[PDB]
Amino acid sequence: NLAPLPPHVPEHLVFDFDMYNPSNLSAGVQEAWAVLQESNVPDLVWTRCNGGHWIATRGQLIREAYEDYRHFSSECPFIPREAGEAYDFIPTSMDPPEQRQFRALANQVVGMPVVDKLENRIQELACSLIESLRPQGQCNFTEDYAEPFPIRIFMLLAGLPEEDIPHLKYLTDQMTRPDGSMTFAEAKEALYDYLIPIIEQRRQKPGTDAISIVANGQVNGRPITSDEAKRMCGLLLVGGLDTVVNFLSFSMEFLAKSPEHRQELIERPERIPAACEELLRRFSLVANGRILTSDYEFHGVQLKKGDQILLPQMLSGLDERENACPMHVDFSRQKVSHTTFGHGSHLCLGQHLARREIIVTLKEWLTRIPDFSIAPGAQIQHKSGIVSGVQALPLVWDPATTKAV
Ligand code: HEM
Ligand SMILES: CC1(C)[C@@H]2CC[C@@]1(C)C(=O)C2
Ligand SMILES: [K+]
């Protein structure tokens, strides 16, 4: 499980962290990654896991490297190397300058003006899902809400049938948290197999859905190619199916465990947007990276062309050098420093949709089910990867303490 140490890597920088199965996982996935920020651990380490790669452990370095696309390229942005090599989504597998023209098209389908066309439907689905669960006095939150709420909104946006969710969700998860049955390349190709006939159909007969808009789009005034459209749509599916889905479960687990924070938002609902931001910091969940374009000395460490570096978006906001008492959730925190939605030229385009889904969930859940807890005797298990998540989140409550709107 440990790749031979490259000749240029010194032993004193070796820390064999496994991003797909970190040793301290039972403590919580954020806690497990935060072992990289213990006082004896250097700012930049090499792990022999997952083929061997660097890890920047501190916000300062993570931010610097995300800004410097000349040295730290997105051409191979996933670990392990085979995944990064196969990864060809647009815009994420591109560096500036070529990357930038594709962002505007992606903005047309997932950006703020769209969140606006979707506002009422987002609100309606959250309320309907929560009301359906409310009288039961229990739910399996991952399957009962965290998945169907954002995924059904995405499938609506993309004009895709809801009965396709199990297949698409399985494939997406193999790209971020592989079970071992499929390589990244096999999962990606299966996703493209799905998207190919649909992109063709919607270039022939355009609708108003996101796939039609991307497939018939222009990038800096020239037509998108069918294959650029495919590479963008694949990314949109992964964002739709495996980001907010996981984040909602970290947030709801925290609220189930912290009646004081629930009460704060019930009594002071105007604090919900700020709470969303603080939860985005504390339960940050993404970690991808970059590949070195040249030999480069970075913070006193010799990096070689072709070396991969994991730059965990998750870690910046958990760094005590960015936020004091970083594991503490404080909704009144004055400067909430984080890179949860990335940093540099690839800043998340889905972040407005994500925040709306989070804020609607917090408001509409606490309106109906203010008082809830983790199920008796349950120990909540997390899972780690490119995007981390919660395996299961059984919640209970007394229906007498709930409110039908
Ligand atoms: C909590 C929710 C989310 C988080 C934490 C998140 C995180 C991120 C991060 C860290 C990146 C930068 C990756 C890099 O630099 O290589 C990114 C980019 C992106 N995200 Fe999000 N994302 C979320 C939700 C979404 C959603 C819901 C969508 C769409 C449905 C989406 C679409 C995109 C797109 C298209 C990019 C590519 C931007 C580019 O490469 O220029 N994201 N996201
Ligand atoms: C790293 C991401 C969260 C960002 C959007 C989905 C994701 C898995 C990507 O491939 C880019
Ligand atoms: K690649």
# chains A, B, ... in the order shown; residues from 1 in each chain; ligands from 1
$ residues_near_ligand --ligand "ligand 1" --cutoff "6 Å" --atoms "only C-alpha atoms and all ligand atoms" --output "list in words"
residues 91, 92, 103, 106, 110, 236, 239, 240, 243, 244, 247, 286, 313, 340, 341, 342, 346, 347, 348, 349, 350, 351, 353 and 354 of chain A
$ write_last_selection --atoms "N, CA and C atoms" --output "CSV table (one decimal), in the first residue's frame"
chain,number,residue,atom,x,y,z
A,91,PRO,N,-14.7,23.0,-16.6
A,91,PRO,CA,-13.4,23.7,-16.8
A,91,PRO,C,-12.3,23.1,-16.0
A,92,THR,N,-12.6,22.2,-15.1
A,92,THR,CA,-11.7,21.9,-14.0
A,92,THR,C,-10.4,21.2,-14.4
A,103,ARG,N,-16.1,29.0,-18.2
A,103,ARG,CA,-16.8,29.4,-16.9
A,103,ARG,C,-18.1,30.1,-17.2
A,106,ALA,N,-20.9,27.6,-18.0
A,106,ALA,CA,-21.3,26.9,-16.8
A,106,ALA,C,-22.1,27.8,-15.9
A,110,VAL,N,-25.8,26.9,-13.9
A,110,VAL,CA,-25.8,26.7,-12.4
A,110,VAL,C,-25.6,27.9,-11.6
A,236,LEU,N,-20.9,18.8,-14.2
A,236,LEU,CA,-22.1,19.3,-13.6
A,236,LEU,C,-22.9,18.2,-12.9
A,239,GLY,N,-21.0,17.5,-9.6
A,239,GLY,CA,-21.3,18.6,-8.6
A,239,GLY,C,-22.8,18.5,-8.1
A,240,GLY,N,-23.7,18.1,-8.9
A,240,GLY,CA,-25.1,18.0,-8.5
A,240,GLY,C,-25.3,16.8,-7.6
A,243,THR,N,-21.9,16.8,-3.8
A,243,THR,CA,-21.4,17.9,-3.0
A,243,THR,C,-22.3,18.3,-1.8
A,244,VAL,N,-23.3,19.1,-2.1
A,244,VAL,CA,-24.3,19.4,-1.1
A,244,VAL,C,-24.9,18.2,-0.4
A,247,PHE,N,-22.6,17.5,2.3
A,247,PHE,CA,-22.4,18.6,3.3
A,247,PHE,C,-23.7,18.7,4.2
A,286,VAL,N,-14.0,19.0,0.7
A,286,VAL,CA,-13.4,18.7,-0.6
A,286,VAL,C,-11.9,18.7,-0.4
A,313,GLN,N,-8.9,21.6,0.2
A,313,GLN,CA,-9.7,22.8,0.4
A,313,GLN,C,-10.3,22.7,1.8
A,340,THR,N,-13.6,26.6,1.3
A,340,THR,CA,-14.5,25.4,1.1
A,340,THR,C,-15.0,25.2,-0.4
A,341,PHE,N,-15.2,26.3,-1.0
A,341,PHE,CA,-15.6,26.4,-2.4
A,341,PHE,C,-14.4,26.6,-3.4
A,342,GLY,N,-13.2,26.3,-2.9
A,342,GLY,CA,-12.0,26.4,-3.7
A,342,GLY,C,-11.3,27.8,-3.6
A,346,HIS,N,-10.4,28.6,-10.3
A,346,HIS,CA,-11.4,27.6,-10.3
A,346,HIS,C,-12.5,27.6,-9.2
A,347,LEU,N,-12.6,28.8,-8.6
A,347,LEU,CA,-13.7,29.0,-7.5
A,347,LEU,C,-15.0,28.4,-8.0
A,348,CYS,N,-15.6,27.6,-7.1
A,348,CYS,CA,-16.9,26.9,-7.3
A,348,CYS,C,-17.9,27.8,-8.0
A,349,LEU,N,-18.5,27.3,-9.1
A,349,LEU,CA,-19.6,27.9,-9.8
A,349,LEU,C,-20.9,27.6,-9.3
A,350,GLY,N,-21.0,26.5,-8.5
A,350,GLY,CA,-22.3,26.0,-8.0
A,350,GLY,C,-22.5,26.6,-6.6
A,351,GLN,N,-21.7,27.5,-6.1
A,351,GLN,CA,-21.8,27.9,-4.7
A,351,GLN,C,-23.0,28.6,-4.3
A,353,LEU,N,-26.1,28.0,-5.7
A,353,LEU,CA,-27.0,27.0,-5.6
A,353,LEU,C,-26.8,26.2,-4.3
A,354,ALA,N,-25.6,25.9,-4.0
A,354,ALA,CA,-25.3,25.2,-2.7
A,354,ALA,C,-25.7,26.0,-1.5
$ residues_near_ligand --ligand "ligand 3" --cutoff "10 Å" --atoms "only C-alpha atoms and all ligand atoms" --output "VMD selection string"
chain A and resid 74 to 78 81 to 89 92 to 94 291
$ atom_distance --atom1 "atom CA of residue A:22" --atom2 "atom CA of residue A:90"
29.2 Å
$ select_by_dssp --residues "stretch 60-215 of chain A" --states "strand (DSSP E or B)" --output "VMD selection string"
chain A and resid 72 to 73 138 to 140
$ write_last_selection --atoms "C-alpha atoms" --output "PDB file, in the first residue's frame"
ATOM      1  CA  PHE A  72       0.449  23.935  -9.986  1.00  0.00           C
ATOM      2  CA  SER A  73      -1.620  22.754 -12.935  1.00  0.00           C
ATOM      3  CA  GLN A 138     -37.364   9.227  12.707  1.00  0.00           C
ATOM      4  CA  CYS A 139     -35.487   9.216   9.425  1.00  0.00           C
ATOM      5  CA  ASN A 140     -32.375   7.932   7.730  1.00  0.00           C
TER       6      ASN A 140
END
$ residues_around --residues "residue A:208" --least-positions-apart "3" --cutoff "10 Å" --atoms "only C-alpha atoms" --output "list in words"
residues 109, 157, 158, 159, 202, 211, 212 and 213 of chain A
$ residues_around --residues "residue A:46" --least-positions-apart "2" --cutoff "12 Å" --atoms "only C-alpha atoms" --output "PyMOL selection string"
chain A and resi 2-6+8-18+36+41-44+48-57+301-303+307-310
$ write_last_selection --atoms "N, CA and C atoms" --output "tab-separated table (two decimals), in the first residue's frame"
chain	number	residue	atom	x	y	z
A	2	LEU	N	2.16	1.12	0.10
A	2	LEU	CA	3.06	2.28	0.14
A	2	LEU	C	4.01	2.27	-1.05
A	3	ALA	N	3.92	3.29	-1.89
A	3	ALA	CA	4.77	3.39	-3.08
A	3	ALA	C	6.22	3.67	-2.68
A	4	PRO	N	7.19	3.13	-3.44
A	4	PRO	CA	8.59	3.44	-3.13
A	4	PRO	C	8.85	4.95	-3.09
A	5	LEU	N	9.64	5.38	-2.12
A	5	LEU	CA	9.94	6.79	-1.92
A	5	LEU	C	10.78	7.33	-3.09
A	6	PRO	N	10.30	8.38	-3.80
A	6	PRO	CA	11.13	8.95	-4.87
A	6	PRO	C	12.47	9.48	-4.37
A	8	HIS	N	14.12	12.15	-4.61
A	8	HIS	CA	14.22	13.54	-4.18
A	8	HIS	C	13.49	13.87	-2.89
A	9	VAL	N	12.77	12.90	-2.33
A	9	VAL	CA	11.96	13.13	-1.14
A	9	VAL	C	12.70	12.67	0.13
A	10	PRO	N	12.93	13.60	1.07
A	10	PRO	CA	13.62	13.19	2.29
A	10	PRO	C	12.70	12.50	3.28
A	11	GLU	N	13.27	11.55	4.00
A	11	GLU	CA	12.53	10.77	4.97
A	11	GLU	C	11.80	11.63	6.02
A	12	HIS	N	12.38	12.77	6.43
A	12	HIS	CA	11.78	13.56	7.51
A	12	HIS	C	10.46	14.24	7.13
A	13	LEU	N	10.16	14.23	5.83
A	13	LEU	CA	8.89	14.80	5.35
A	13	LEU	C	7.82	13.74	5.08
A	14	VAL	N	8.14	12.47	5.32
A	14	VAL	CA	7.21	11.37	5.04
A	14	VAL	C	6.17	11.24	6.16
A	15	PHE	N	4.90	11.32	5.78
A	15	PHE	CA	3.77	11.17	6.69
A	15	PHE	C	2.72	10.45	5.85
A	16	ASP	N	2.53	9.15	6.11
A	16	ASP	CA	1.75	8.29	5.21
A	16	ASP	C	0.25	8.40	5.44
A	17	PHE	N	-0.27	9.60	5.19
A	17	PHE	CA	-1.70	9.87	5.26
A	17	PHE	C	-2.42	9.26	4.05
A	18	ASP	N	-3.54	8.60	4.31
A	18	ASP	CA	-4.33	7.96	3.26
A	18	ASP	C	-5.64	8.71	3.11
A	36	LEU	N	-3.06	16.30	10.30
A	36	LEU	CA	-2.01	16.90	9.48
A	36	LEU	C	-1.59	18.28	9.99
A	41	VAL	N	3.93	18.30	12.73
A	41	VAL	CA	3.82	17.99	11.31
A	41	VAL	C	4.20	19.22	10.48
A	42	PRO	N	5.16	19.07	9.55
A	42	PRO	CA	5.58	20.16	8.65
A	42	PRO	C	4.43	20.71	7.80
A	43	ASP	N	4.62	21.90	7.24
A	43	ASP	CA	3.61	22.54	6.37
A	43	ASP	C	3.36	21.74	5.09
A	44	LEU	N	4.35	20.96	4.67
A	44	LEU	CA	4.32	20.21	3.42
A	44	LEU	C	4.95	18.84	3.65
A	48	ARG	N	3.29	8.19	1.10
A	48	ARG	CA	3.56	7.09	0.17
A	48	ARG	C	2.27	6.35	-0.22
A	49	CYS	N	1.16	6.78	0.36
A	49	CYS	CA	-0.14	6.19	0.03
A	49	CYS	C	-0.63	6.67	-1.33
A	50	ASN	N	-1.52	5.87	-1.91
A	50	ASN	CA	-2.22	6.24	-3.13
A	50	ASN	C	-1.30	6.65	-4.26
A	51	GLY	N	-0.16	5.95	-4.35
A	51	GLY	CA	0.82	6.15	-5.43
A	51	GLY	C	1.95	7.11	-5.09
A	52	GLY	N	1.79	7.84	-3.99
A	52	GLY	CA	2.79	8.82	-3.53
A	52	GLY	C	2.48	10.21	-4.04
A	53	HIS	N	2.40	11.15	-3.10
A	53	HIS	CA	2.09	12.54	-3.43
A	53	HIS	C	2.39	13.49	-2.28
A	54	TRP	N	2.59	14.77	-2.60
A	54	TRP	CA	2.70	15.80	-1.56
A	54	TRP	C	1.33	16.13	-0.97
A	55	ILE	N	1.35	16.66	0.25
A	55	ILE	CA	0.17	17.27	0.84
A	55	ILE	C	0.57	18.58	1.49
A	56	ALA	N	-0.07	19.68	1.08
A	56	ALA	CA	0.05	20.97	1.80
A	56	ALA	C	-0.93	20.94	2.96
A	57	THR	N	-0.45	21.26	4.16
A	57	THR	CA	-1.27	21.01	5.36
A	57	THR	C	-1.85	22.27	5.97
A	301	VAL	N	11.02	23.22	0.16
A	301	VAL	CA	10.93	21.82	-0.26
A	301	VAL	C	11.10	21.72	-1.78
A	302	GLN	N	11.94	20.79	-2.22
A	302	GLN	CA	12.14	20.57	-3.65
A	302	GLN	C	11.05	19.67	-4.23
A	303	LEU	N	10.24	20.27	-5.09
A	303	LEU	CA	9.21	19.55	-5.84
A	303	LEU	C	9.73	19.30	-7.26
A	307	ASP	N	5.31	15.64	-10.07
A	307	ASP	CA	4.83	15.31	-8.71
A	307	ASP	C	3.39	15.80	-8.57
A	308	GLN	N	2.56	15.00	-7.91
A	308	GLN	CA	1.22	15.48	-7.57
A	308	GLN	C	1.24	16.11	-6.18
A	309	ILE	N	0.39	17.12	-5.98
A	309	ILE	CA	0.24	17.72	-4.67
A	309	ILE	C	-1.24	17.84	-4.34
A	310	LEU	N	-1.62	17.22	-3.22
A	310	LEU	CA	-2.96	17.36	-2.68
A	310	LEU	C	-3.02	18.67	-1.91
$ decode --residues "stretch 140-154 of chain A" --atoms "N, CA and C atoms" --output "compact mmCIF listing (two decimals), in the first residue's frame"
# COMPACT_ATOMS: atom_id res chain seq x y z
N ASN A 140 -33.73 8.21 8.14
CA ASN A 140 -32.37 7.93 7.73
C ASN A 140 -31.98 9.14 6.90
N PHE A 141 -31.36 10.14 7.53
CA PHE A 141 -31.23 11.44 6.87
C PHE A 141 -30.49 11.40 5.53
N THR A 142 -29.46 10.57 5.40
CA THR A 142 -28.72 10.53 4.12
C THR A 142 -29.62 10.13 2.96
N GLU A 143 -30.42 9.08 3.14
CA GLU A 143 -31.27 8.62 2.03
C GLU A 143 -32.59 9.36 1.92
N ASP A 144 -33.07 9.85 3.07
CA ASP A 144 -34.41 10.44 3.13
C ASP A 144 -34.46 11.92 2.78
N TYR A 145 -33.33 12.62 2.87
CA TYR A 145 -33.32 14.04 2.58
C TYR A 145 -32.03 14.50 1.89
N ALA A 146 -30.87 14.16 2.47
CA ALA A 146 -29.59 14.70 1.99
C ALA A 146 -29.38 14.36 0.52
N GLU A 147 -29.75 13.14 0.14
CA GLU A 147 -29.67 12.74 -1.27
C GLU A 147 -30.82 13.31 -2.11
N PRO A 148 -32.09 12.96 -1.81
CA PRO A 148 -33.13 13.37 -2.76
C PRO A 148 -33.34 14.87 -2.94
N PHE A 149 -33.06 15.68 -1.91
CA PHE A 149 -33.32 17.11 -2.06
C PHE A 149 -32.40 17.74 -3.12
N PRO A 150 -31.06 17.71 -2.92
CA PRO A 150 -30.24 18.33 -3.98
C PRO A 150 -30.27 17.54 -5.28
N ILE A 151 -30.35 16.22 -5.20
CA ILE A 151 -30.28 15.45 -6.45
C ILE A 151 -31.53 15.67 -7.30
N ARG A 152 -32.70 15.69 -6.69
CA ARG A 152 -33.91 15.92 -7.49
C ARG A 152 -33.93 17.32 -8.09
N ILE A 153 -33.40 18.31 -7.37
CA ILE A 153 -33.28 19.65 -7.93
C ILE A 153 -32.33 19.63 -9.14
N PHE A 154 -31.20 18.94 -9.00
CA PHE A 154 -30.28 18.87 -10.12
C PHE A 154 -30.89 18.16 -11.32
